[PDB]
Amino acid sequence: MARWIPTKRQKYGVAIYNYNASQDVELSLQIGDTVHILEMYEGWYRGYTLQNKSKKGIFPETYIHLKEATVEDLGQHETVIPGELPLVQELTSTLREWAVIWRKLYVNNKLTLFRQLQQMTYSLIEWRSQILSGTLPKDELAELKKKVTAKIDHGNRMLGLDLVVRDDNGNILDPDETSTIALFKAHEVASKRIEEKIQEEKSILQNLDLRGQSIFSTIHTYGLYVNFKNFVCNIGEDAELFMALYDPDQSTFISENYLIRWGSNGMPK
Amino acid sequence: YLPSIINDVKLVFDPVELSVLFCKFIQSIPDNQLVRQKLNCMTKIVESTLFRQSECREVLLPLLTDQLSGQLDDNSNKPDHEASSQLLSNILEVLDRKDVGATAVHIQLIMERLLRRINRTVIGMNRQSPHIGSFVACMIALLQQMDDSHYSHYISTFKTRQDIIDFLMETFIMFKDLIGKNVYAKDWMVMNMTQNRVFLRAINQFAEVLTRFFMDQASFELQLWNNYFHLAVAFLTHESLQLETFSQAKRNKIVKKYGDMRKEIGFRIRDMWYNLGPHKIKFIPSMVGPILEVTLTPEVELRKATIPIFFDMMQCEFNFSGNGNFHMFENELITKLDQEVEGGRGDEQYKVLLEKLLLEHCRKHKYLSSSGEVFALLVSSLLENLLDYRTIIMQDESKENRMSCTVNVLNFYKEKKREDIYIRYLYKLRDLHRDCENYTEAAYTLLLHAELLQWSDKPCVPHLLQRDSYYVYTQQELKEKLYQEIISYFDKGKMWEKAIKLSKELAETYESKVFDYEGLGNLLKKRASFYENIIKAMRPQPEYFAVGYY
Amino acid sequence: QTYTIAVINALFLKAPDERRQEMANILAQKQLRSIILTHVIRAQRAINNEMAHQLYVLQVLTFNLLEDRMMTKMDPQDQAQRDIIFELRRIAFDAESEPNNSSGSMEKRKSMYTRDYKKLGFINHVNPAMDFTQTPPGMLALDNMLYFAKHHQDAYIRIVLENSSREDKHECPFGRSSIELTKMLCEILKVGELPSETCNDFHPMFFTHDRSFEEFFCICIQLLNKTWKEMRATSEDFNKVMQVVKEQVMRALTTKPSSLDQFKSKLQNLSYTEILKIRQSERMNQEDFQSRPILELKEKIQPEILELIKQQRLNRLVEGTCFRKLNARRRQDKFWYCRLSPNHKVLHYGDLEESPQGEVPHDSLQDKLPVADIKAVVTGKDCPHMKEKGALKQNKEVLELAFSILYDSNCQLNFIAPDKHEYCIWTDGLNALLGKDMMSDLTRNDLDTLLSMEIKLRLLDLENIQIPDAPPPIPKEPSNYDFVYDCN
């Protein structure tokens, strides 16, 4: 089907839904497929599926879904927030590979770790969704990105899958033959994350005191939540509440009080 | 804390002066003192004001090179290893950053005083306990950061020819140690393939230096290709199409970011070998074995490029088959094909492309091509037999079919009188019958194996031995051992006439050949026991059903 | 120890129940609970399946030693029980009840009844002991609250004065909570029920205390108050809220802890999500399918994924487990197995001694089932061998463990399983073995998620977009049918 004008802009699109089988290379193809729309036409554009960059189909612009995307994270801005398009695109890729592998994790009747894979999968889809809600400020995205790398490497470990690199902004950005030594540094620190992650998983896997120790040991700025509801007693006069802190051991007090005007019948003044 | 000032010293001072001042200071350390601490000092230095490279490089890197080279072999350096690795790490890491200025020559010097040095160091670190990976890193970074210009410049241009050949000994053996038993946990696919990349490039450069200084022009001392080709093959023998298959894009990944290394590796191999020229005859019986694992890689391109190499070596052997034949190639050729294709690595399209190329070769050359044609037919037969064999082997588990196919190929080999793999499969059969718990037929196989052997007191051949147990073994020792388990089978087979016959000849061989009268008595009294069993025991008559196949 | 414990059970089988309590007191004065606890409840060898039976039946001995005293009715005219509850709700309600009504009048007693049961949800305060005539459980609820008044006094009075603020429908009736909970937990445990020799699952978390179920009830009534405050539920849904809550408590029980403290941990762990978590996690499939695009494609996915499910069950069965031989109570080896051949046109089955390695692959005792000829699965009761049950030889739970495929065209392959999920396993395994539809609840249980996984991974391209059911209009293909740049 003639009249083909190419542009790299169009090489990456998807479909709205099932197709029709009217013609030969026009069969009722699947809903969401990153297809190779290499060239453009009046009524129907080319298509070379994700499953075969050579299988042919001349699909209509109408049935091209909301994707004129490219490898350029800049052009159509359906790559809404570039730079994080990397993280999310390999996020999708790894989720696809995880689904594939655990699909044959049935005879590996590891329903335990299988179900942790599903838990991580739901966690991952919702995390990515929040990222797509990229209205958030920068620190939240940073921390999310860090734990995303954590979970990805986690899964690749127990799944027997390869290590990723580049701690920041991409997990991959190393391959540029930047520095073999820096490459080793990243690999080693990440691997340390790996064994420390396995042992902290065994830690957080039976009891969860150590997590309290750690989280209260990073920063030590604490306050006391007086989660008061009601005073169960009755004095008859303006009984005044004075909480305070004292060490049974140091024989000395710690903080200062707060006056609370509680009323004369177990009610608040 | 002394270096902790240098960055701001520079801002109000002659950086060169500061550098040489630190040099004069540190060089004065009594070497019997505070080694790792002074190394840490050198690190804290090399981090800073070495960004101001263009003036202090030429005066520190000499000195720092000297200290590391002194650190090289002091025979007590095991904790020094980690610190020296940090120093190498950091010097190279700063030298590779792009905002430093012309550093090629300074590398060149670090090269010139540490290549074989750290190479020997890791050649010491071969124990898998320490931080090997650090030094492996420093190695690969040294040799990739540098340039071919440097090798050709002086690394190729070291001292006397014998010495440089010893250096090459060192490098290639240690590489071949690297390709096997990777020092990285194989999960570091990024890092692992990077290492493959850099090693490949280094091996290329060494290919040029070998070509340059070791052809027939250097007719002298020309073995190293043993080490070279072995290195090339062992390198070539991982990262195979299954590994890249594990995702569709996994293939595409290693292709895009690296290409497929195997192609160029094999190309270097083939044209290296072509340039070897009039001396390939020194290689056939050795190097046929290696070149199949490249021949058998599941790809098409280099396989097509490679196949002619067998023809080239066999026709070179025809230059030496002016006297005689090329069988002293094809025997071991066939043997190797047998081992590998039974290993589970062949392809039918492999033999198809084989056929095409071999037929090209035949339909080029004269009468020896007719010979090679009939031998190509032999090879074909061989293949499709192994192919059907294998495809049946591991699927049905129908021991009947397994026995049928293996004896089919045993019969074929018998026809082609290849006694060795013959024996191999005969023992496969005894194990197969054992797992079938069939004893008469297992004994029968054992016999037809044994009847090859004769009663000569000369241990004529060790080739007939299975590689399980051997000492001097005059053939009669093996024959009588065979008979021991054979008569054991015939016993447990509850069939006796053949057993008592074998007892007859075993007894006569004892009595008139070895005079081991205890064994005489043992076997003959057992023969008597078998006689009484013949009479006393019952023999059920198995019935014979005719099974047509249509 | 199996022998001796079953002899003890025998002593408990056909003795007058009062002498059951006499000998129970003998055991308690030797504290057989604790001595058994230290010896065999700490045995880490092959703990007998007969130990499974013994632990169950000893629990039942204790249970019936409570049953024979609980089924009878505590008369609501028991002036003795009037004094009993008088002092019990002294030591309970002595914060709203004066210490003076010990020397006080029955009139103050009735006033305290009406106030403290309008704060503990009872509808009548002229005949307060009406709710004491439904056994399960009757008196043992009063025993529960007695023993709690003895030991857990801190949280006890805390309950007493924490129910003392909500006079709306969020008020929780301790008396009515107690009766409801106690009877329905009795039923969940099936306390004091007849010998079921197929019950090989037991309750060590109560092999570790003498008033274990009493203190269990109190710790779970603190759980109760937590759950009431979890939903902030009214007393109109009192029955609704607490039925859901004890569904959750059944979940907590079925997690099967073997220690009291770990189950207290679980009392903490069961969040309000657990009340809705999985019970609504079955629904993401139907929200996915409510819109067409997921609904309208999924229907071609099943052969892939139903094939996966059935063939996974097949792969399970290829090794297969060891069923139990019918009524080998006379010291015959019960665990017979059946191997699914990798060819799957034949079966390999027989009975041997217990095999912790599972099945031994060997050409089994009788080693055939013609999958083509054998056709009909008598799913449960339809087995002619056990069609004669009345109600006593077989009850209406063994057929969820027992059934047959026919064989020989005449005879049945009677089946048994240790439990019922693997009953589902074997059922749909034999079900697929004929190319006929899957009939396991787990089948329709697990398609959802895997189907959900496939559809969610398939839609990775369709995030933050909108599609209707109506497809867009379709343009037309012009007749320039060859490309400018041809294919490839």
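In this analysis, Cβ positions are derived from the backbone assuming ideal geometry, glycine residues included, and neighbour counts consider all displayed protein chains. Read-outs: derived from the displayed coordinates by stated rules, not from any lab.
Remarks
- Ranking A:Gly212, B:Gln144, C:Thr427 by how far each Cα lies toward the positive end of the dipole of the protein assembly as shown (charges on Cβ) leaves C:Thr427 at the top.
- Long-range amide H partners of A:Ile16 with built H, under 5 Å: A:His65
- Across the stretch C:6-150, C-alpha contacts under 8 Å between residues 6 or more apart give a mean separation that, scaled by the residue count, equals a relative contact order of 30 percent.
- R0 of 41 Å, Cβ-Cβ distance A:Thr135-C:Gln290: FRET efficiency to nearest 0.05: 0.90
- Here's how it looks for A:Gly263: its modeled amide H is under 5 Å from those of A:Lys269, which are all 5 or more places away or on a different chain.
- The alpha carbon convex hull volume per residue for the stretch A:143-269 rounds to 216 Å³.
- Its DSSP H runs of at least 4 residues, each contributing -39,500 (n - 2.57), put the calculated 222 nm mean residue ellipticity of chain B at -22500 deg cm²/dmol, to the nearest 500.
- Per-residue [θ]222 nm for chain A (sum of -39500 (n - 2.57) over DSSP H runs n ≥ 4, rounded to 500): -12500 deg cm²/dmol
- Qualifying GluC sites (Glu not before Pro) in the stretch C:240-307, where qualification requires a DSSP coil assignment and no more than 16 other C-beta atoms within 10 Å, comprise C:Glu282.
- Tilt relative to chain B, helix B:132-145 - C-alpha long axis, 0 to 90 degrees, to 10: 70
- Peptide A:16-26 - average C-beta neighbours from other chains (10 Å radius): 3
- Only DSSP H runs of four or more residues enter the estimate; each adds -39500 (n - 2.57), and after division by the residues of chain C the mean residue ellipticity at 222 nm equals -16000 deg cm²/dmol.
- Three-way shape call for chain B based on the alpha-carbon gyration tensor, with the a/c threshold at 1.5: prolate
- According to the Cα-based calculation, Rg over Rh for the stretch C:408-477 is 1.29, with Rh computed by the Kirkwood formula.
- Prolate/oblate/rounded call for chain C, Cα gyration tensor, a/c under 1.5 rounded: oblate
- Extension gain for the segment B:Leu368 to B:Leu224, taken as residue separation times 0.36 nm less the Cα-Cα distance, is 48.7 nm to one decimal.
- Taking the alpha carbon gyration tensor of the protein assembly as shown, multiplying each eigenvalue by 5 and rooting it gives semi-axes of 70, 52, 37 Å, largest first.
- Cα-centre dipole for the protein assembly as shown with unit charges at Cβ (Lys and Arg positive, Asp and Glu negative), debye to 20: 1680
- Under 13 Å of direct C-alpha separation, and excluding same-chain neighbours fewer than eight residues apart, A:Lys185 reaches these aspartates and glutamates: A:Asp167, A:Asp174, B:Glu93.
- Reported to the nearest whole Å, the Cα centre-to-centre distance from the stretch B:316-333 to the stretch B:201-237 is 25.
- Debye equation applied to the C-alpha atoms of chain A, log10 I(q)/I(0) at 0.11, 0.13 Å⁻¹: -0.86, -1.04
- Among the listed pairs A:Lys110/C:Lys393; C:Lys119/C:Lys226; B:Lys356/B:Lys416; A:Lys55/C:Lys300, those beyond 27 Å (Cα-Cα): A:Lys110/C:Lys393
- Over the stretch B:164-261, Cα pairs under 8 Å with separation of 6+ residues give a relative contact order of 32 percent.
- Amide hydrogen neighbours beyond the local backbone of A:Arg3, cut-off 5 Å, H modeled: C:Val484
- Label-point separation, C:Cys411 to C:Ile188 (7 Å along Cα→Cβ), nm: 4.5
- Phi to ³J(HN,Hα) by Karplus 6.51 cos²θ - 1.76 cosθ + 1.60 over the stretch B:81-88, Hz, x for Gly, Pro: 4, 4, 5, 4, 4, 4, 4, 4
- Helix axis angle, C:106-118 relative to chain C longest principal axis, alpha carbon, degrees: 20
- Nitroxide proxy distance, nm - points 7 Å out along Cα→Cβ at B:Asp31 and C:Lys389: 9.3
- Between the stretch B:400-449 and the stretch B:56-88, the Cα center-to-center distance that results, in Å: 63
- With the cut-off at under 17 Å, measuring from each backbone N in the stretch C:411-441 to a point 7 Å along the Cα-to-Cβ line of C:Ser355 picks out C:416-418.
- For the pair B:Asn182 and B:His279, a Förster radius of 41 Å applied to the C-beta separation gives a FRET efficiency near 0.75, rounded to the nearest 0.05.
- Exercise: per-residue mean of other protein chain Cβ atoms within 10 Å, A:103-112: 3
- Label-zone membership for the stretch B:493-518, site B:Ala537, 7 angstrom Cα→C-beta point, backbone N under 18 Å: B:493-504
- Global form of the stretch C:215-288, assessed from the alpha-carbon gyration tensor, a/c cut-off 1.5: oblate
- Normalised by 2.2 N^0.38 Å, where N counts its residues, the alpha-carbon radius of gyration of the stretch C:95-148 equals 1.25.
- With a 10 Å cut-off around each Cβ of A:189-198, the average count of Cβ atoms from other chains is 1.
- Dipole magnitude (debye, nearest 20) for the stretch C:114-252, charges at Cβ of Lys, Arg, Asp, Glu: 440
- Short-range pairs are left out: with C-alpha atoms under 8 Å and at least six residues apart, the relative contact order of the stretch B:457-535 is 22 percent.
- At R0 = 22 Å, FRET efficiency that the Cβ-Cβ distance of A:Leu210 and C:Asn269 yields, to 0.05: 0.80
- For chain B, the dipole from Cβ point charges (+1 on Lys and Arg, -1 on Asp and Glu) about the Cα centre works out to 360 debye, to the nearest 20.
- Residue by residue, the stretch B:333-350 carries 3J(HN,Hα) couplings of 3, 4, 3, 4, 4, 4, 4, 6, 5, 6, x, x, 10, x, 7, 6, 4, 3 Hz when phi is fed to the Karplus relation 6.51 cos²θ - 1.76 cosθ + 1.60 (θ = phi - 60°); x denotes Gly or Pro.
- HN-Hα J in Hz across the stretch A:148-165 - Karplus 6.51, -1.76, 1.60, θ = phi - 60°, x for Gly and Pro: 5, 3, 4, 5, 5, 5, 2, x, 4, 5, 5, 7, x, 10, 5, 7, 9, 10
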